[PDB]
Amino acid sequence: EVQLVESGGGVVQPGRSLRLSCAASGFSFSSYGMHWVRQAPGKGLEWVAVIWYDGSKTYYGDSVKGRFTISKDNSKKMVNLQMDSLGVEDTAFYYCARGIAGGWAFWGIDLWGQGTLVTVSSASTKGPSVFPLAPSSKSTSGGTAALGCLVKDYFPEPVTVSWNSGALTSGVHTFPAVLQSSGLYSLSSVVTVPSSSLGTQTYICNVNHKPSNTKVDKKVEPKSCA
Amino acid sequence: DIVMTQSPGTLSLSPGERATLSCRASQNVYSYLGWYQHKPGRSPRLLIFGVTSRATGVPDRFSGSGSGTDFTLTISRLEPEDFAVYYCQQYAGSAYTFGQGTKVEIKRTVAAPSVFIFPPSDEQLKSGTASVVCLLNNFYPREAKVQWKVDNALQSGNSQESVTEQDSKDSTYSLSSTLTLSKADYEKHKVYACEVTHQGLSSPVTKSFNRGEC
Numbered sequence: 005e006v007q008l009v010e011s012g013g014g015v016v017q018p019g020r021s022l023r024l025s026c027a028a029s030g031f032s033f034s035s036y037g038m039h040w041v042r043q044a045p046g047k048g049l050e051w052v053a054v055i056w057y058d059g060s061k062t063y064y065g066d067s068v069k070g071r072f073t074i075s076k077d078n079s080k081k082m083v084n085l086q087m088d089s090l091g092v093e094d095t096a097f098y099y100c101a102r103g104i105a106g107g108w109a110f111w112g113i114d115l116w117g118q119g120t121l122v123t124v125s126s127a128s129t130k131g132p133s134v135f136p137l138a139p140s141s142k143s144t145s146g147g148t149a150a151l152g153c154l155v156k157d158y159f160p161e162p163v164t165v166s167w168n169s170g171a172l173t174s175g176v177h178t179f180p181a182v183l184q185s186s187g188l189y190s191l192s193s194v195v196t197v198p199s200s201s202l203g204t205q206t207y208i209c210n211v212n213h214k215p216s217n218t219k220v221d222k223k224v225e226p227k228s229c230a
Numbered sequence: 393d394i395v396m397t398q399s400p401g402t403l404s405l406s407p408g409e410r411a412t413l414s415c416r417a418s419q420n421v422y423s424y425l426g427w428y429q430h431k432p433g434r435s436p437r438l439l440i441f442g443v444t445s446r447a448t449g450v451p452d453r454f455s456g457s458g459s460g461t462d463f464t465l466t467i468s469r470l471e472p473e474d475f476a477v478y479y480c481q482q483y484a485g486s487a488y489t490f491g492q493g494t495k496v497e498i499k500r501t502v503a504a505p506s507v508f509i510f511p512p513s514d515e516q517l518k519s520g521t522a523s524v525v526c527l528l529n530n531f532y533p534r535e536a537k538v539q540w541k542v543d544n545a546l547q548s549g550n551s552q553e554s555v556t557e558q559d560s561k562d563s564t565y566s567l568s569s570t571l572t573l574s575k576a577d578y579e580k581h582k583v584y585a586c587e588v589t590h591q592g593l594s595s596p597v598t599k600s601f602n603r604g605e606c
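Chains E and W, in that order, are what the protein sequence lines are.
Using the numbering used here, read the first sequence as starting at 5 and increasing by one per residue.
Using the numbering used here, read the second sequence as starting at 393 and increasing by one per residue.
Below you can see the structure in the form of structure tokens.
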């Protein structure tokens, strides 16, 4: 089974450099033109570069021309992408991919890697502050209520949220994070639940942030007002 | 240099329906055209290469046609697994540019959002900040307008929105809007409200609370 595996991803400060690597499993490499493609959060696919089957020629996308270098080491059986003078806009998932030869260029890109996240930021690795989004902010009575967790100001790659250690999945909405003006991330995880269960059933959100190796379990209760 | 233009931006269709996606090139691309499928947390997938050729394992319901500057990807029968984002890519020029993508989504009946407002927690206020959350749960279509009003004054530049991805079981979307303020600014006002406008609402829906008052 043919595969491509990217490595070298992670956090880099704007103005610095990062080198991405790509390793071929089960095939040639030496007879294929190899590409890099990226996808920035909320944007579409963007072609980055290509290195000829030969290693003789290179082509780059307009936004990376001058800053990036694609190369091939047939001895180490690797494809590299040297990214210099990185900016916050270079934050994306990067894929290593194989071209289908065709004519004087390519007909398509058939084999792709899993991708690797490159976060270009000067922020410091910080664990989230977990705040409750307490249920029935007015009335309870009849049926169905909403509650959740505000997972605020973290800096990583991602966070994972689960409810009641994975036992509550039904009616859960964990939202895509937003990058705030501070350079920190924030998200909400909400769950719709029967109103009758609010007094009896315990709702805990399990926030795990691997980059700062922090684990938070916040219990979400209706706000006792007096 | 070669601009790839895909149309439409979104295609709202039911499973079993025929989907026809367009890709236009700014100049002739002669056979140097590929079509890709992209699912939220997955790698892009080659569907068609060399305008017309089906990649390995691509079902025959997918077909590519066209020439020069005008290309089409036809999915003859939309199966539930074909609801994805589709890109075309050109290899005819210097820089192998992609189109912006066409999202193919499940058309379903109009569903109005259930709307919920959450005031900032006491834990958060103790930190010096205040976030007010407006949740719009299980609505369709995707298009919705959220407006924050603070003591009846319309807010701008201090809220951020997030949408979930069409739900596997019911084909709806959920939206979260967060109004962020300092504890200082939050304490300067009483009424916090989000007003929701959606096709499924006969009139906009407003959810409010007064600061302090539970």
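Yeah, the Cβ is synthetic: ideal placement off N, Cα and C, and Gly gets one too.
- Message: Does the CB of E/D221 have a neighbour CB from chain W at under 8 Å?
- Response: Start at 1 with the first residue of the first sequence, and residue 221 of chain E comes out as number 217. Taking Cβ atoms only, chain W never reaches closer than 8 Å to E/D221, which makes this a no.
- Query: Does DSSP put W/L470 in a helix, a strand or coil?
  - Reply: The sequence position of residue 470 of chain W within the second sequence is 78, counting from 1. DSSP places W/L470 in coil when its eight states are reduced to three.
- Query: For E/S126, which residues from the same chain have a beta carbon less than 8 Å from its beta carbon, with the 5 sequence-adjacent residues on both sides left out?
  - Reply: Here residue 126 of chain E refers to the residue found at position 122 when the first sequence is read from its first residue. So the list reads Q17, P18 and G187, once near-sequence residues are dropped.
- Query: Could you give the distance in angstroms between the alpha-carbon of E/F159 and the alpha-carbon of E/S128?
  - Reply: Taking the first sequence and counting its residues from 1, one reaches residue 159 of chain E at position 155. Taking the first sequence and counting its residues from 1, one reaches residue 128 of chain E at position 124. Roughly 7 Å separates the two Cα atoms.
- In chain order, each beta strand (DSSP E) run of at least 3 residues that lies wholly inside the segment 402-470 of chain W: 402-405, 411-417, 425-430, 437-441, 454-459 and 462-467
- Item | Range covered by the beta strand (DSSP E) that runs through E/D94 | For the purposes of this step, residue 94 of chain E is identified with residue 90 of the first sequence, where counting begins at 1. Here E/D94 belongs to no beta strand (DSSP E), and DSSP marks it neither H nor E.
- Establish whether the CB of W/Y584 and some CB of chain E are separated by less than 8 Å. Here residue 584 of chain W refers to the residue found at position 192 of the second sequence. Chain E contact via Cβ: absent.
- Query: Could you give the distance in angstroms between the alpha-carbon of W/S418 and the alpha-carbon of W/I394?
  - Reply: Your numbering for residue 418 of chain W matches position 26 in the second sequence. Your numbering for residue 394 of chain W matches position 2 in the second sequence. Approximately 6 Å between the Cα atoms of the pair.
- Item | Cβ neighbours of E/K76 in the same chain (closer than 6 Å, five flanking residues each side left out) | For the purposes of this step, residue 76 of chain E is taken as the residue at position 72 of the first sequence. Once the five neighbours on either side are set aside, the close Cβ partners of E/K76 are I55, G59 and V83.
- With DSSP collapsed to three states, give me the class of E/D221. Along the first sequence, read from residue 1 onward, the residue named residue 221 of chain E stands at position 217. Correct three-state label for E/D221: strand.
- Message: Does any residue of chain W have a CB that is nearer than 8 Å to the CB of E/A28?
- Response: In the first sequence, counting from the first residue as 1, residue 28 of chain E sits at position 24. No, no contact with chain W.
- Task: Assuming W/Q558 and W/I498 form a contact by the criterion Cβ under 8 Å, report the distance between their Cβ atoms to the nearest whole angstrom.
- Result: The residue labelled residue 558 of chain W in the question sits at position 166 within the second sequence. The residue labelled residue 498 of chain W in the question sits at position 106 within the second sequence. Confirmed, about 6 Å.
- Message: Classify E/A171: buried if its beta carbon has 16 or more other beta carbons within 10 angstroms, exposed otherwise.
- Response: What you label residue 171 of chain E is simply residue 167 of the first sequence in a count that begins at 1. By the neighbour-count rule (16 or more Cβ atoms within 10 Å), E/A171 is not buried but exposed.
- Query: Under a CB-based cut-off of 8 Å, is E/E93 close to chain W?
  - Reply: Counted from its first residue, the first sequence places residue 93 of chain E at position 89. So, not an interface residue.
- For chain W, is any of its Cβ atoms less than 8 Å away from the one on E/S128? Within the first sequence, numbered from 1, the residue matching residue 128 of chain E stands at position 124. Judged by the 8 Å Cβ criterion, E/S128 is not in contact with chain W.
- Query: Hey, E/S192 and E/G152 are a contact pair by Cβ (cut 8 Å); roughly how many whole angstroms apart?
  - Reply: By one-based count along the first sequence, residue 192 of chain E stands at place 188. By one-based count along the first sequence, residue 152 of chain E stands at place 148. Rounded, the Cβ-Cβ distance is 6 Å, consistent with contact.
- Query: Can you tell me whether residue 621 of chain W is buried or exposed, with buried defined as 16 or more other CB within 10 angstroms of its CB?
  - Reply: Since the first residue of chain W shown is 393 and the last is 606, residue 621 of chain W is not available in this structure.
- Task: List the endpoints of the continuous beta strand (DSSP E) containing E/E50.
- Result: If you number the first sequence from 1, residue 50 of chain E lands on position 46. Residues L49 to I55.
- Query: W/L403 and W/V524 look like a contact to me (Cβ under 8 Å); what is the Cβ gap, rounded to whole Å?
  - Reply: Here residue 403 of chain W is taken as the residue at index 11 of the second sequence, counted from 1. Here residue 524 of chain W is taken as the residue at index 132 of the second sequence, counted from 1. Your pair W/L403 and W/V524 does not check out as a contact, with CB atoms roughly 35 Å apart and the cut at 8 Å.
- Nonlocal neighbours in the same chain, by C-beta distance under 6 Å from E/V197, ignoring five residues either side: Your numbering for residue 197 of chain E matches position 193 in the first sequence. Result list for E/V197: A149, in chain order.
- Task: Flag this pair as yes or no: are the beta carbons of E/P226 and E/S140 separated by less than 8 Å?
- Result: Here residue 226 of chain E is taken as the residue at index 222 of the first sequence, counted from 1. Here residue 140 of chain E is taken as the residue at index 136 of the first sequence, counted from 1. Against a cut-off of 8 Å, the Cβ pair of E/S140 and E/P226 comes out as a contact.
- Task: Using alpha carbons as the reference points, say which of E/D157, E/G112 and E/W40 lies closest to W/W427.
- Result: Counting from one through the second sequence, the residue named residue 427 of chain W turns up at place 35. Nearest C-alpha to W/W427: E/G112.
- Message: Assuming the contact rule is C-beta atoms closer than 8 Å, E/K156 and E/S190 should be a hit. Round their C-beta distance to whole Å, please.
- Response: Here residue 156 of chain E is taken as the residue at index 152 of the first sequence, counted from 1. Here residue 190 of chain E is taken as the residue at index 186 of the first sequence, counted from 1. E/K156 to E/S190, Cβ: 5 Å. Contact.
- Message: Determine, for E/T62, whether the minimum Cβ-Cβ distance to residues of chain W falls below 8 Å.
- Response: Against the first sequence, residue 62 of chain E aligns to sequence position 58. Chain W, which has no Cβ nearer than 8 Å to the Cβ of E/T62, makes this no.
- Rounded separation between W/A504 and E/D114 - CA only: For this step, residue 504 of chain W is matched to residue 112 along the second sequence. For this step, residue 114 of chain E is matched to residue 110 along the first sequence. Cα-Cα distance, rounded: 41 Å.
- Query: Given that a residue counts as buried once 16 or more other Cβ atoms are within 10 Å of its Cβ, and exposed if not, what is W/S566?
  - Reply: For the purposes of this step, residue 566 of chain W is taken as the residue at position 174 of the second sequence. Label assigned to W/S566: buried.
- Message: Quick check for students: name the residue ranges of the alpha helix (DSSP H) that lie wholly in the segment 137-208 of chain E, counting only runs of 4 or more.
- Response: none
- Just the C-alpha distance for W/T444 and W/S457, rounded to the nearest angstrom, thanks. Residue 444 of chain W sits at position 52 when you count from the first residue of the second sequence. Residue 457 of chain W sits at position 65 when you count from the first residue of the second sequence. CA-to-CA, the gap between W/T444 and W/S457 works out to about 6 Å.
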